[PDB]
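Here the Cβ is made from the backbone with ideal geometry for all residues, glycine too, and neighbour counts use every protein chain on show. Coordinate-derived values only; no laboratory data.
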Amino acid sequence: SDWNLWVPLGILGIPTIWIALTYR
Amino acid sequence: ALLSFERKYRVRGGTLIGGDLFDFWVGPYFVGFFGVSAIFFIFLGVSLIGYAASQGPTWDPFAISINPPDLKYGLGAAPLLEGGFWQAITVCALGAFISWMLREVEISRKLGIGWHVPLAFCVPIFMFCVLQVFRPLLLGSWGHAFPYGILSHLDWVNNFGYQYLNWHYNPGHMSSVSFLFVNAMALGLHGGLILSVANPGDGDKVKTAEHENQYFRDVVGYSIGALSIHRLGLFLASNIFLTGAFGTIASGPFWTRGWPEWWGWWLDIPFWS
Amino acid sequence: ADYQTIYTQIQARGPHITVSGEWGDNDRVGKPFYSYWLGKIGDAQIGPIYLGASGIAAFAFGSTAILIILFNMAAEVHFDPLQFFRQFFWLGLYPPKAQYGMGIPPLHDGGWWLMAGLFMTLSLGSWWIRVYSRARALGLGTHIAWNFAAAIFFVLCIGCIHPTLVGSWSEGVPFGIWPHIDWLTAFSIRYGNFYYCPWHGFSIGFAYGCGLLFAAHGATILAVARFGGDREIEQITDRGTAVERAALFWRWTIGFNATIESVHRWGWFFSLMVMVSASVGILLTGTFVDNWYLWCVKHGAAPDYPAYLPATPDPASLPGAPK
Amino acid sequence: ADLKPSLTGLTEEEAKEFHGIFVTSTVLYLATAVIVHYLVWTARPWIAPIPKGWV
Amino acid sequence: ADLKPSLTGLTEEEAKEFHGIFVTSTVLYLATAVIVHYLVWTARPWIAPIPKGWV
Amino acid sequence: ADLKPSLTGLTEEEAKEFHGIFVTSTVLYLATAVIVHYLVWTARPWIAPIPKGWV
Amino acid sequence: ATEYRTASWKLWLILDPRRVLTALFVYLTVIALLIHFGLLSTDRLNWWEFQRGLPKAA
Amino acid sequence: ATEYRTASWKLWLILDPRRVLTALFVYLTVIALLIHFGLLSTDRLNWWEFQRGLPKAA
Amino acid sequence: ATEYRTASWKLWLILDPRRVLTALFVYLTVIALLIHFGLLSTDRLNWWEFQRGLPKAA
Amino acid sequence: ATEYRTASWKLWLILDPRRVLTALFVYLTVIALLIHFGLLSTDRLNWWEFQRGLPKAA
Amino acid sequence: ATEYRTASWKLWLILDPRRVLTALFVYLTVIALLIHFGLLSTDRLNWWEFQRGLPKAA
Amino acid sequence: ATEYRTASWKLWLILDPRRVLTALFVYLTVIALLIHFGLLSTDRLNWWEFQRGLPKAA
Amino acid sequence: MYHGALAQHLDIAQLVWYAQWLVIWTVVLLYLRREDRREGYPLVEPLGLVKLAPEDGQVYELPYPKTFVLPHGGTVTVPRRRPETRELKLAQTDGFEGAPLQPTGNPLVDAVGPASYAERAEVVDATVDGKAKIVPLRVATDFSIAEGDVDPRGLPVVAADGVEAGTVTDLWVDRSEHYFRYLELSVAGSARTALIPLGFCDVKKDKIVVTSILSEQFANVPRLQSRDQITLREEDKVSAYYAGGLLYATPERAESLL
Ligand code: BCB
Ligand code: BCB
Ligand SMILES: C/C=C1/c2cc3[nH]c4c(c3C)C(=O)[C@H](C(=O)OC)c4c3nc(cc4[nH]c(cc(n2)[C@@H]1C)c(C(C)=O)c4C)[C@@H](C)[C@@H]3CCC(=O)OC/C=C(\C)CCC[C@H](C)CCC[C@@H](C)CCCC(C)C
Ligand SMILES: C/C=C1/c2cc3[nH]c4c(c3C)C(=O)[C@H](C(=O)OC)c4c3nc(cc4[nH]c(cc(n2)[C@@H]1C)c(C(C)=O)c4C)[C@@H](C)[C@@H]3CCC(=O)OC/C=C(\C)CCC[C@H](C)CCC[C@@H](C)CCCC(C)C
Ligand SMILES: CC(C)=CCC/C(C)=C/CC/C(C)=C\CC/C(C)=C/CC/C(C)=C/CC/C(C)=C\CC/C(C)=C/CC/C(C)=C/CC/C(C)=C/CC1=C(C)C(=O)c2ccccc2C1=O
Ligand SMILES: COC1=C(OC)C(=O)C(C/C=C(/C)CC/C=C(/C)CC/C=C(\C)CC/C=C(\C)CC/C=C(/C)CC/C=C(\C)CC/C=C(\C)CC/C=C(\C)CCC=C(C)C)=C(C)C1=O
Ligand SMILES: COC1=C(OC)C(=O)C(C/C=C(/C)CC/C=C(\C)CC/C=C(\C)CC/C=C(\C)CC/C=C(/C)CC/C=C(\C)CC/C=C(\C)CC/C=C(/C)CCC=C(C)C)=C(C)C1=O
Ligand SMILES: CC(C)=CCC/C(C)=C/C=C/C(C)=C/C=C/C(C)=C/C=C/C=C(C)/C=C/C=C(\C)CC/C=C(\C)CCCC(C)C
Ligand SMILES: CC(C)=CCC/C(C)=C/C=C/C(C)=C/C=C/C(C)=C/C=C/C=C(C)/C=C/C=C(\C)CC/C=C(\C)CCCC(C)C
Ligand SMILES: CC(C)=CCC/C(C)=C/C=C/C(C)=C/C=C/C(C)=C/C=C/C=C(C)/C=C/C=C(\C)CC/C=C(\C)CCCC(C)C
Ligand SMILES: CC(C)=CCC/C(C)=C/C=C/C(C)=C/C=C/C(C)=C/C=C\C=C(C)\C=C\C=C(/C)CC/C=C(\C)CCCC(C)C
Ligand SMILES: CCCCCCCCCCCC[N+](C)(C)[O-]
Ligand SMILES: CCCCCCCCCCCC[N+](C)(C)[O-]
Ligand SMILES: [Fe+3]
């Protein structure tokens, strides 16, 4: 169903990654 | 972050509940268990207001209102938008208030001072409880309570009061009003009197306690004395609500006629009627 | 409990010391006596009293006023003494009921009202002077006088100034227990609901404020009375553990504090402001706003509610309405 | 006092033991959230495509 | 007191290690926000062009 | 008082390093604001020419 | 530093676990509650009730 | 300075990371909430609900 | 550590088990009540009552 | 001065960066909010909502 | 004096730049607001809105 | 006195610049405002606005 | 046409509104709040980073100094810099800004937490005449107890244990308030009189009950310098001792209820 509605994924996901990576 | 004299007083212990884990200051605020709890309500309760107000019809700060449920719902839960959120907030409210009051108790324990402050703060809490809880219980609906809304709440006060035909005559009110006035006047005098003694104008020397006394014993011929004014202030303040609470609870559960009609008891003593 | 904050357990008696004034040490009047019961809440000793000129005058005008008031109240029950005493709260001295604008109204309709008004005004003033002078006599500051001032001014506003700006004596407050109160409602109805006037707001804010503040200050001092914090003046000049605690307490709670001295300022300020806020509102009313609710609606402050029972169009405005 | 644990510094090592866990579990929590969020989407696709009128 | 941590300070090195990370994360946050705004735009294009009358 | 930091003027250097940055940042902000204001003009030209009646 | 890249970790020298932890805890929970409530206040995206939305149906 | 160009960093000598960090936390939370609720208070731009918009329709 | 991997356990140095646990006990109890009373305030998912949810019928 | 012209900079010896910085932060925030909300309270100049502006139309 | 003509400047030895500076800041800010919003509360001289002026036309 | 004719200047010894200056500043400011708004409440003598006066017209 | 109309939407009331506000805040901020910082400011820092300036906006903060000319000679200047140089016997739980402190020895003697006093001027409190304000009834012979009250002179002082600490010697009076401030008791077991504030004892018909501290610690109530007069500092010392006992008499007074 999530079709070009990646909006919540983008919001939730992106930080999730750089939170992982910045503070290694 | 500290007053020059603050450190010697910042010691552990004297929490009512859950010891050391919450015993700390964030900046100047002392937290404690109830700190945490307060915050939680404040945050949740306020957020809840906002969300609720968002699905209102305005965002003018005066004009926003969260009303309680219709009378048909009784003492039960209502749909969230048809009075439920009201219910929600009211609990967060109580929540916050009580957590506030207990926090104060913890603080005062830590300082080895009396508990007068918290207790004093208990009076308004009670009146809140009287208006939002008891009186509605006694009439059997939440719909008898007042709505949250700056101007909105006054509308409640207004109509309520015209439900008995002229609330001014309700004797509980009379007493409360009198106190309200005396209190204000008295604060003025107490305020002034200290200030006059301290800042006597020019390079005049600061005056003594005897000068406070003389001053009043001149103007009105009595001086209540220094400690007791403090004591008396607390008393006046407090009966604003203590006496009023009587008049409030009475109206509806114990009286259903206009308030003036009630003075009939005196007006109508058959001797001089 | 700690009994020593609520009432006084062991009372003291002894020689009271008189502070000699700048003048009028001579015009102190009466044998000072004690009340043991009163001694349980405050000082027991009740005399003497200063007299002097301002006093004399205040009493002079004050009494005349009272006399005119009462006398006319009697005249309302036709001097039946029994009835007077039964009906007393319902009796009053009323301002003029016809429209005469600002002309000095006939005796029987508002004339007497006006006279008592003027005399009450004069006593207030004479008294003001008393308060102010006595202060200066004893080398104190004049703060009490100024607070008192504002109060008086507000009385002026509702007594004659407002009537004046709209230009009718009909708008005066009447003398009498119930009837001074009936005024309140009338006045509010007329100016389109006072809950909706902003200065009524302000005022109340400050008034409740006073409640809060006194309760708090009151409670605070008692809480620290064990360290002799009731000795408020020495605390100002030589800060002791008492007020150190008091300060800390408040700081740890609302996150900022006062001083023993400055808390008094706050209280004094709030007190004043009740009266001032009020005066403004009164002055604006009738003069610039005609109907406070409608005004709040023009600035969209007013809350609007849906209809519970069906909405009702005003019958006056229908086709074929009477009058 | 010339150090971080300066002459009996009162019990906090150079502990990035805490850092480690803190950051792991902060990620786990956000990751879980993503997965959960996805699942909900399948049950209730919540944003919705732009309707006939709009603009 | 004649130094940066002059005579037994309560301690902050010249730590601009903090400055480094602080700036990174501030930009990352703003970057992420940009992308996210772009995404939403495609979901709900929010300004609108100027309507038939306007002025 | 016999010096610039006269017997410890209490530890803020002759730092106009602050002044330097402060001004730079304050201009950038003001500049960016111009650019922005200009773009928005293109979306909603806000003043409007004087209407047919007026005066 | 046990094979670290950044100084990140020094934050906990400055900041205190106990407080951060207690804070997050409140924060997250409130937001959690908020959303749940909010959602279940609506018509769409209320699970827990019959489709109140009368979406087109009536 | 380990390969620095400005003195920007000296700010943290003056200002206290903790004050900044914690304050932004709150601040952002608020603005966040502002926008979110604000949006969900409109007609256009509310997700979470059936299109109240009556977008042109009547 | 007795055949451990993480320092996770070091939390109980910083936290005090007894007064963590006392707090959760309370906290959970509240959530519990909440969910329960909540559910039992609907029409679907109210056990303790006849289906006055009137699912489609009337 | 590192090759300056004015004494300008001396201001920070008098004033306190910290105060200025924090104050500005607030001041600006408010003005910002005023404008934004103000705008969004009109009929022209409101992105966010349908043009109930009714520009001349009806 | 560094090439001065009056005593003017001695004002600052009596006054305190910090408190002048702060007070001006407020005052100007206030008057600024007063005018801006005051203007935006007329009919002629409102930008931000469709001409409610109905200058003579209606 | 530096080439003075009067005693006038001795006022500043009795009175204090700082109090005068601040008071004037305020007093004048209020009067200013009084006049300005007062004018803008008439019908002649209101710039800022359409000729509400309908000076003889109608 | 209307009274008080500045435009088609702008009226004099509306303007006044803001005006009112303005004043309120100004007074509050640019005055009252300044007046509040006459004691205990400027703020002090025992962890944070290179700070000679509180919440920001505020190092002006402090108002310029007053000068109270005192009734019986001398001047005080407000705000001041009154330094605490007692060396506190308190160890920190953590080195942290706002983590609480543990007393190292006996907190009641080391005078910390609720048992701490302020370093007041070491002078006797005075009347408007120049007599000593606070004195016992051996000295103020003119003063007396009101007829109808219990004379506590002679009664047993029972402490927190339920154990008689000693017997009441005297009352002490405030000469300028006509009010009793202290009981002077005779601590049994030693050869000493200790002074208890009257706010720490419930006076009965038969006994004086002292909840504050235990019987054994009456031995350590701070000693008076003179026999018949009390300084301002000695007052604070005496008061703080008993109040400190409200947290430190028994170990359980520390603890929370559970
Ligand atoms: C037409 C109707 C009227 C009316 C109807 C009326 C009603 C129905 C009642 C009163 C009541 C009262 N009236 Mg009356 N009234 C009064 C005065 C009063 C008060 C003395 C008294 C109590 C107010 C109260 O309940 O506080 C309420 C305050 C509460 C409950 C406390 C709230 C505080 C809370 C614990 C803490 C809040 C914290 C915040 C949420 C924190 C947020 C702050 C920030 C920092 C985060 C005056 C002086 C007048 C005049 C001058 O005419 C008047 C006229 C009228 N009253 C009109 C005639 N009045 C009450 C009373 O006692 O009746 C006998 C009452 O019930
Ligand atoms: C239906 C009508 C209402 C009403 C009508 C109303 C009016 C018309 C006015 C107020 C005003 C005020 N109202 Mg409101 N009112 C207030 C409270 C207040 C006060 C804060 C303030 C009045 C100032 C004052 O303190 O008077 C008490 C103090 C006085 C009168 C000063 C007396 C001092 C004087 C020197 C006394 C000394 C006298 C001498 C001893 C002389 C002796 C006499 C001799 C010569 C015979 C509350 C708390 C409530 C609630 C809770 O609902 C309420 C509701 C209402 N008011 C109802 C809505 N009220 C005033 C105001 O603020 O308006 C904007 C005002 O004008
Ligand atoms: C006769 C006794 C008097 C009295 C006495 C005392 N007064 C005290 C104390 C004493 C002794 C304290 O010790 C305590 C305090 O700390 O000192 C400042 C306090 C305090 N009195 C406040 C407000 C106050 N006193 C009022 C009345 C009297 N005081 C009477 C007159 C009134 C009236 C009359 O309206 C108000 C508004 C707060 C400033 C402060 C507590 C903050 C709080 O409670 O924290 C906890 C809660 C919050 C900070 C926000 C709450 C948000 C909730 C969750 C949800 C939103 C609110 C919702 C219920 C909507 C309602 C709004 C609607 C009406 C439009
Ligand atoms: C927020 C601000 C508050 C505030 C403030 C302040 N309020 C002050 C002061 C301040 C600062 C003072 O300094 C002054 C004072 O000093 O107090 C110590 C005072 C006062 N406020 C009084 C009453 C009051 N304050 C009220 C209200 C507020 N105040 C508001 C709320 C209210 C309300 C609310 O109704 C009331 C009733 C009096 C006590 C006093 C006036 C005395 C006078 O003005 O004298 C006037 C003199 C007379 C009336 C003569 C008396 C004649 C006798 C009775 C005999 C007549 C009999 C005759 C028929 C025959 C003759 C024979 C004869 C021998 C038998
Ligand atoms: C730095 C670091 C390590 C960071 C990481 C840590 C982190 C983020 C941790 C987690 C945060 C957590 C868990 C919590 C947050 C903090 C917390 C507990 C906050 C509670 C805050 C809160 C809700 C505050 C609001 C304050 C409030 C309710 C009201 C404001 C006060 C108001 C409006 C008062 C009414 C006005 C009024 C009466 C003013 C009176 C003036 C004063 C000062 C009166 C008091 C006063 C009186 C009355 C006296 O009699 C007196 C006598 C003698 C001396 C002094 C005084 C005196 O000060
Ligand atoms: C020290 O420096 C100072 C002085 O000394 C120098 C001063 O003297 C002074 C002041 C100088 C003065 C002369 C002060 C006197 C000024 C005054 C206004 C005193 C006047 C006080 C009154 C007239 C009392 C008020 C009475 C009314 C307004 C009439 C009310 C009408 C009715 C029908 C009330 C009916 C109900 C009652 C009367 C009581 C009801 C009570 C209850 C229901 C419950 C009671 C609650 C308690 C007892 C508290 C609970 C008990 C415990 C906690 C142990 C100042 C300011 C200064 O600070
Ligand atoms: C960790 O996260 C958390 C914290 O730390 C961050 C917390 O501090 C907290 C706070 C939790 C605490 C127990 C704080 C400490 C306790 C206090 C300070 C005592 C004050 C607490 C209260 C007055 C209420 C708190 C209890 C609740 C909210 C339980 C909810 C109970 C029910 C039935 C909700 C379900 C709704 C229904 C069944 C509908 C029918 C009920 C109604 C219509 C009542 C509403 C109408 C009213 C007038 C309410 C009046 C009644 C009350 C106020 C009790 C929580 C919850 C959170 O878990
Ligand atoms: C002490 C040491 C030595 C031993 C170490 C012991 C260890 C490792 C303890 C650690 C274990 C645990 C429990 C770690 C827990 C870590 C956690 C809980 C991290 C949590 C991070 C949470 C984050 C970043 C939350 C961000 C939330 C937001 C941005 C919310 C935004 C909300 C909005 C914008 C509004 C939406 C509301 C609406 C639309 C109505
Ligand atoms: C060694 C050392 C001690 C440890 C180092 C460890 C590290 C790197 C710690 C730092 C890591 C982290 C978490 C850094 C975080 C940095 C952050 C969060 C920076 C955030 C900046 C946020 C900014 C600038 C926000 C600006 C917001 C605005 C201008 C909002 C304006 C809103 C309006 C104008 C109104 C709109 C509202 C409306 C309804 C229209
Ligand atoms: C300590 C030192 C050694 C290290 C240096 C470290 C550094 C470089 C720190 C500096 C970095 C930063 C963040 C610098 C920031 C500088 C900033 C933010 C400057 C900001 C200036 C803002 C200004 C001048 C704002 C002016 C605003 C107005 C005039 C608003 C007017 C509004 C009106 C008239 C009313 C309109 C409203 C309406 C509704 C019509
Ligand atoms: C320019 C010209 C021609 C005239 C100007 C006149 C002028 C200054 C008018 C202004 C008049 C004013 C200020 C009027 C004010 C009236 C007001 C505020 C009245 C308000 C309240 C009065 C009340 C509640 C009084 C009730 C009075 C009574 C029931 C009787 C009086 C008796 C007592 C108070 C008891 C004492 C008597 C006892 C010793 C036996
Ligand atoms: C409606 C009347 C209420 C007037 C407002 C009262 C002022 C509250 C005091 C806030 C003190 C601010 N602070 C923290 C900087 O000190
Ligand atoms: C606390 C009393 C509530 C009434 C205050 C009236 C608020 C006016 C500000 C709203 C803006 C609208 N206005 C005035 C331009 O029309
Ligand atoms: Fe006081």
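Output the qualifying pairs, or none if there are none: Cβ atoms under 7 angstrom, residues six or more apart or on different chains, first residue in the range B:199-216 and at the interface with another protein chain (Cβ under 7 Å from one of its Cβ atoms), second residue crowded, with 18+ Cβ neighbours inside 10 Å and among the acidic types (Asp, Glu).
Correct list of pairs: B:209/M:177.
How many residues does the range K:22-42 hold that are part of a loop (DSSP other than H, G, I, E, B) and more than 7 Å from every other protein chain (Cβ to nearest Cβ)?
Selection size over the range K:22-42: 1.
Which of the residues belonging to the range C:192-224 are touching a helix residue (DSSP H, G or I) at 6+ places or on another chain (Cβ under 6 Å), within 12 Å of ligand 5 (Cβ to nearest atom) and of a type in the set (A, V, I, L, M)?
Matches in the range C:192-224: C:213, C:215, C:219, C:221, C:222, C:223, C:224.
Does any residue in the range C:168-183 that is within 14 Å of residue B:174 (Cα to Cα) come within less than 6 Å, Cβ to Cβ, of a residue that is part of a strand (DSSP E or B) and away from ligand 10 (no atom under 16 Å from the Cβ) six or more places away or on a different chain, and which pairs are these?
none
Residue B:36 fails exactly one of the following numbered conditions: (1) assigned to a helix (DSSP H, G or I); (2) surrounded by 21 or more Cβ atoms within 10 Å (Cβ to Cβ). What is the number of that condition?
Going through (1) assigned to a helix (DSSP H, G or I); (2) surrounded by 21 or more Cβ atoms within 10 Å (Cβ to Cβ) one by one, residue B:36 breaks only (2).
One residue is enough: does the range M:236-245 have a residue meeting the conditions within 14 Å of chain B (Cβ to nearest Cβ), touching a helix residue (DSSP H, G or I) at 6+ places or on another chain (Cβ under 6 Å), more than 24 Å from residue C:244 (Cα to Cα) and of a type in the set (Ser, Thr, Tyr)?
Checked against the condition, which is being within 14 Å of chain B (Cβ to nearest Cβ), touching a helix residue (DSSP H, G or I) at 6+ places or on another chain (Cβ under 6 Å), more than 24 Å from residue C:244 (Cα to Cα) and of a type in the set (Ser, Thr, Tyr), the range M:236-245 yields no hits at all.
For residue B:195, state whether it is in a helix (DSSP H, G or I) and within 16 Å of ligand 3 (Cβ to nearest atom).
No.
Take residue M:56 and tell me if it is surrounded by 15 or more Cβ atoms within 10 Å (Cβ to Cβ), at the interface with chain B (Cβ under 10 Å from one of its Cβ atoms) and part of a loop (DSSP other than H, G, I, E, B).
No, not satisfied.
Just one of (1) over 23 Å from the mean Cα position of the chain (by Cα); (2) hydrophobic (A, V, I, L, M, F, W, C); (3) within 16 Å of ligand 12 (Cβ to nearest atom) trips up residue B:33, so point out which.
(3)
Counting only residues that are within 12 Å of ligand 6 (Cβ to nearest atom) and assigned to a helix (DSSP H, G or I), which one in the range C:216-233 is nearest to residue C:258 (Cα to Cα)?
Ranking the qualifying residues of the range C:216-233, first place goes to C:217.
Could you say which residue among D:36, D:55, D:40 is of a type in the set (A, V, I, L, M) and either within 7 Å of another protein chain (Cβ to nearest Cβ) or in contact with a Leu (Cβ under 8 Å, 6 or more places away or on another chain) (or both)?
Result of the check over D:36, D:55, D:40: D:55.
When residues of the range M:1-53 are filtered for being facing chain C (nearest Cβ under 7 Å), of a type in the set (D, E, K, R), part of a helix (DSSP H, G or I) and surrounded by 19 or more Cβ atoms within 10 Å (Cβ to Cβ), how many remain?
Selection size over the range M:1-53: 2.
Quick check on residue C:292: is it within 16 Å of ligand 13 (Cβ to nearest atom) and either closer than 30 Å to residue K:40 by Cβ or within 8 Å of chain B (Cβ to nearest Cβ) (or both)?
Yes: the conditions hold for residue C:292.
Only one of J:45, J:54, J:13 is out of contact with any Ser or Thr (no Cβ under 9 Å at 6 or more places or on another chain) and part of a helix (DSSP H, G or I). Can you tell me which?
J:13
Could you pull out the residue among C:287, C:237 that is surrounded by fewer than 22 Cβ atoms within 10 Å (Cβ to Cβ) and within 28 Å of residue M:180 (Cβ to Cβ)?
C:237
Based on what the data block shows, is residue M:102 facing chain B (nearest Cβ under 10 Å) and not in a loop (DSSP other than H, G, I, E, B)?
So residue M:102 passes the test.
Got a number for residues in the range C:245-274 being within 21 Å of the chain's Cα centre (by Cα) and within 9 Å of chain B (Cβ to nearest Cβ)?
The total comes to 10.
Just checking, how many residues over the range B:151-160 are more than 10 Å from chain C (Cβ to nearest Cβ) and either within 16 Å of ligand 12 (Cβ to nearest atom) or touching a strand residue (DSSP E or B) at 6+ places or on another chain (Cβ under 9 Å) (or both)?
Residues flagged as more than 10 Å from chain C (Cβ to nearest Cβ) and either within 16 Å of ligand 12 (Cβ to nearest atom) or touching a strand residue (DSSP E or B) at 6+ places or on another chain (Cβ under 9 Å) (or both) within the range B:151-160 amount to 1.
Say whether the condition of being touching a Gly at 6+ places or on another chain (Cβ under 6 Å) and surrounded by fewer than 12 Cβ atoms within 10 Å (Cβ to Cβ) is met by at least one residue in the range J:5-16.
No; the residues of the range J:5-16 include none that is touching a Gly at 6+ places or on another chain (Cβ under 6 Å) and surrounded by fewer than 12 Cβ atoms within 10 Å (Cβ to Cβ).
Being closer than 26 Å to residue B:61 by Cα and away from ligand 12 (no atom under 15 Å from the Cβ) is the filter here; which residues of the range C:180-229 pass it?
C:188, C:189, C:191, C:192, C:193, C:194, C:196
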